[PDB]
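Only one structure is covered here, and it is reproduced in the block below.
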Amino acid sequence: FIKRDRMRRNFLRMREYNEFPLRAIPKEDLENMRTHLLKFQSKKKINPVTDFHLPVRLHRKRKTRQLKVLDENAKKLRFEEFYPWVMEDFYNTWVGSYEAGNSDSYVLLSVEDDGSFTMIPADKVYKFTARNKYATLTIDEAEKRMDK
Amino acid sequence: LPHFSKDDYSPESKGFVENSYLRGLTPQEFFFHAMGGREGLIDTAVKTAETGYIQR
Amino acid sequence: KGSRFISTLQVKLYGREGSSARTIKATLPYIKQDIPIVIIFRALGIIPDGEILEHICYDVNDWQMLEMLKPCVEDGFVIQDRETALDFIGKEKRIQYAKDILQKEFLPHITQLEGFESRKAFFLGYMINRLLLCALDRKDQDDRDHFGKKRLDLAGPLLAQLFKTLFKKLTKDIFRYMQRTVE
Amino acid sequence: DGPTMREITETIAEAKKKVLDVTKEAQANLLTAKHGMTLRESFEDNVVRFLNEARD
Amino acid sequence: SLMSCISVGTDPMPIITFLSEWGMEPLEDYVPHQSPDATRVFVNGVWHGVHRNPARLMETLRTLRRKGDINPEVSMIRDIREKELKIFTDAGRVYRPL
Amino acid sequence: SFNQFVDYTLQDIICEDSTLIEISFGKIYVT
Amino acid sequence: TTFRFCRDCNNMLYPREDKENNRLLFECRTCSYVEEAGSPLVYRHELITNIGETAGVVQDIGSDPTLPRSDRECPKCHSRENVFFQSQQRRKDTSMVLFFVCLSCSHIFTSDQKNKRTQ
Amino acid sequence: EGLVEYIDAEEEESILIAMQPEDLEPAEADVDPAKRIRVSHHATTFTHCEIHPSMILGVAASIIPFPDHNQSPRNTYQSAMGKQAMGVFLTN
Amino acid sequence: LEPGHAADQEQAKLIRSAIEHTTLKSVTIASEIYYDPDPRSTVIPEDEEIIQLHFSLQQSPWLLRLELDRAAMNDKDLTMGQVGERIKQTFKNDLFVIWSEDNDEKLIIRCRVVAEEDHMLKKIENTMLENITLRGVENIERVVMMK
Amino acid sequence: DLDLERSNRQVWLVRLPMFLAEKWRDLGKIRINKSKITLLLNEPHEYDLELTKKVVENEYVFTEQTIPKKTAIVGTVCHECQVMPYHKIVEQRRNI
RNA sequence: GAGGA
Ligand SMILES: [Zn+2]
Ligand SMILES: [Zn+2]
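Here is the structure:
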């Protein structure tokens, strides 16, 4: 058989239910009171700070204008919040860390004794980890123990 | 080749060209044969350079 | 993009088979030498062993794999806390140096932002998992040639690189003249 | 010639059949690896030998 | 070859967004020992999460590609036996029609 | 590839480490 | 074998001897948690492994297009519908035996006619 | 309309292409001896069918008549030579 | 072969055995460290039956127990007799060594040192698997008779 | 006074399709049913809810006004859920 | 660049 160019003619020829208002909190109480998140890790499931101990304090451990590497302030500001915060007594401790994972879509529902729920935009989120639970760390001594 | 199931060891699945050059090769066989042939070309190209250096 | 920065993290498994003490040392950019991994894991905040193995051997029956791991655990048993780990890396600044390296040079293509150590930890664990899987002979070594693992730089990306470089240079010089206008 | 052709064909067919039988046996784990080589290698060699004998 | 073309690359974000919208438990909450059947979900080789019932997910993704919603030059593998589901909007890949 | 470049990549090369201690870079125009 | 973790420290519970009643004692060498053993066994090497052959049998494998299909009748179930594949051991000296997966009762069974196998 | 689909090397790993539309999947059902020995359909769960196999060839190879009857090195030689042939390269 | 013996395939098998380098690792199946402080009663009730013999007609509490394949033990034509000889003579200084008998359906070999054990013992087992040439000579891997 | 205030407020958390979340970082009315919830908007679309994790353990909420500063620990995570989508009209808007 | 052989 052969290649046929007559096919142009071929086609051419062929052709309980609760309900609550979800009020917006005052800007002002927020304006100082940033909200964040608590996450411990020990798997001592309960981790009640009330039953942790007491007292429980919480605190964070040339010429004219020349060349500057630019960045949005917040990250710069985030960069400049690098004192992680702890719970102690004056013995058990916990140290938090910045999650930076889902600040985007997390709205805290003000589950108060009242049924009204205020939708609190979670501001940050921190992961808390114990420490000095055996105070056994030889930061310079240990480096000696490595080579042996 | 994606045209096959997995773990087929039948001769044509692993490259047993069967038709003659007269009958022409089915597209698999054609490809397989192309692989073999290129191996041939490469070997020839390398072998001449080797033997040249050896002889020198 | 973004002044495309190619950092090639590698993981090395030490010692041939049977050669006792097969330990895994990772390689980081701008680091004296390889690092036992468990150091890195703690440096990312996964402190306990059990959590680390959870980050690596996803099934708790793979005692095969766990046995493979145990030497690295024992290797790292010296260090036991994050900041010590960061100390290992090379002041009063050494710690901060380590931390910033991780936030900018460890796995750039995950993020260079602040808090994702959970991510890079998990991902590293996975990488190790695959390396182990190979060295246990359950996958074959990677095929260097599988065409899926290749890319072709057409005129677009070639000019992209070229022009990015040129323009970076142009900015540098414009800034320099700005300075020379101190007068 | 025609007759020669289909004779060739059935020769090839016999080859395929022998390969298949070897395969079935191997997958029944009944294949006995000749000493000094892997079971898998033994099977693979057998197949290659059959196929070359067939071609010739 | 004659019909092969070459991907030009696509912003991945909307895909990730959609994934989160359809499951894909984010990474930070992944607890292997209790979620043993999760399919790791990658994108341009960036492990972004895990997910259960990957089958329906893959189905949906395929369908979406098959009506232009996801740019059709996007590849989407689902290795059943490795519980992985890679995706690539990467530029430079080579592909052919079918 | 070339169209893609000259339409997006060109711009996003600029809208990058552009501003200089200040000088800004905006819309890019091609004749 | 298994590993053990200091249910408080959560770390490698190394073994140790009682030294008087002389039974095993796993001790967290990060902490003070100590326990005996459930077994006298401590470690096992397994230089030739029959495991990893049929790996990744997910309850999805039937959906794989590329996998072949046989007719061989399920022993447990009695379907004639099955996906089969070689061992995933991926070692050079690996048998050729096939592992059939019934598509109804998802019951693995092997092509082998030497004996019975379970990966 | 989703009748055709773009496939790259990675995804190729997990599909099951059929070579020829019809014969590869009509059903399970005298042969011209001169015709080559096509294998079978032999499988059911295809997911894609090749558009036309002759498209694996590149440009230069597509010039060759019946390249499926030639010994591959010959094909390669022709592919190389075809770029020497005299001929009209441009109409202007 | 020497002319004897020119064509005695049997002789050839003898020699092939005699020269092929055969290591312990190649014959065993899996190695396990147990804690049995009992001198004379294996925690396992299977090696215990062996302890009814092979025990008698200053120790360590850590048994190292070994499993070999009968098929390989016979293709290599080996007897737990000889292997016991091998390991014994390789030390005789530290290890009471006990093996299942070549009759026994399973190839079971037990050893105990005479501390900080359970780690040195690991080194010992590695050395046993690797650095022990049961028969034959180094660097000789596969010997294949031919006509 | 370095310490908490109550440290017990048991609160709820949800994850919202971000097309709706950004609207809420600057009221509403909700069908809070049994283990079956849909969400009526303070209006366009209609949305559903799931209970991701009833046991909301280890984890609580705090707030803030060797550097210390004042802190007020709100209290616990009472529980948490996640938002899903008029889901057809939403899905029609969702695919974009 | 090219490239024949
Ligand atoms: Zn402990
Ligand atoms: Zn069945």
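Chains as they are written, first to last, in PDB author numbering: chain B, 21 to 35, 97 to 142, 327 to 355, 358 to 415; chain R, 784 to 839; chain U, 246 to 335, 345 to 437; chain G, 672 to 727; chain V, 540 to 637; chain A, 50 to 70, 89 to 98; chain E, 2 to 120; chain Y, 687 to 715, 722 to 784; chain Z, 1120 to 1176, 1187 to 1243, 1254 to 1286; chain L, 58 to 83, 92 to 99, 102 to 110, 117 to 138, 207 to 226, 233 to 243. The C-beta atom is built at its ideal place from N, Cα and C for all residues, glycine as well.
Contact test: residue i Cβ vs ligand 1 heavy atom, cutoff 6 Å
i        : result
B:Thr403 : no
E:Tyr34  : yes
E:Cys75  : no
E:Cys78  : no
U:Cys388 : no
E:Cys7   : yes
U:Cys302 : no
E:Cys10  : yes
Inter-residue Cα distance where the pair is residue i and residue j
i         : j         : result
G:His706  : G:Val693  : 18 Å
Z:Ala1254 : U:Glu319  : 20 Å
Z:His1258 : E:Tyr44   : 11 Å
V:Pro571  : U:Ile297  : 11 Å
V:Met563  : V:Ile626  : 14 Å
U:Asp307  : E:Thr119  : 17 Å
U:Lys246  : U:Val436  : 34 Å
V:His590  : V:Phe581  : 11 Å
Y:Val751  : R:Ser793  : 32 Å
Z:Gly1123 : Z:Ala1131 : 11 Å
Beta-carbon proximity list for residue i, same chain, < 7 Å, skipping 5 on both sides
i         : result
Z:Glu1129 : none
A:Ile63   : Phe92, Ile95
L:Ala78   : none
G:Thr675  : none
Short CB-CB distance (under 7 Å) between residue i and chain V
i        : result
A:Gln60  : no
E:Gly53  : no
B:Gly368 : yes
Proximal residues to residue i (C-beta, below 6 Å), its chain only, five neighbours per side dropped
i        : result
E:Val35  : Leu26, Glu28
U:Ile334 : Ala352
B:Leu103 : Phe384, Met386
B:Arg115 : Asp390
Distance cut-off 6 Å: residue i Cβ against heavy atoms of ligand 2
i        : result
E:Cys29  : no
E:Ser105 : yes
E:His108 : yes
Chain B contact for residue i (CB, 7 Å cutoff)
i        : result
L:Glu123 : no
V:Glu567 : yes
Local Cβ density within 10 Å of residue i, reported as buried at 16 or more and exposed below that
i        : result
U:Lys374 : buried
R:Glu822 : exposed
U:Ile301 : buried
R:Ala817 : buried
L:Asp58  : exposed
E:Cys7   : buried
Y:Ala713 : exposed
L:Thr212 : buried
Cutoff 7 Å: residue i Cβ touching any chain R Cβ
i        : result
E:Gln87  : yes
G:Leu722 : yes
Y:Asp709 : no
Any C-beta of chain E under 7 Å from that of residue i
i        : result
Y:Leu702 : yes
G:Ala699 : yes
Any non-hydrogen atom of ligand 4 within 6 Å of residue i CB
i        : result
L:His220 : Only ligand 1 and ligand 2 can be found as ligands here, which leaves ligand 4 out of the picture.
Residue-level contact to chain U via CB, residue i, 7 Å cutoff
i      : result
E:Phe4 : yes
Beta-carbon proximity list for residue i, same chain, < 8 Å, skipping 5 on both sides
i        : result
L:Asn109 : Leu92, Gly93, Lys94
Minimum Cβ-Cβ distance from residue i to chain Y less than 7 Å
i        : result
V:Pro611 : yes
V:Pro636 : yes
Cutoff 7 Å: residue i Cβ touching any chain L Cβ
i        : result
B:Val378 : yes
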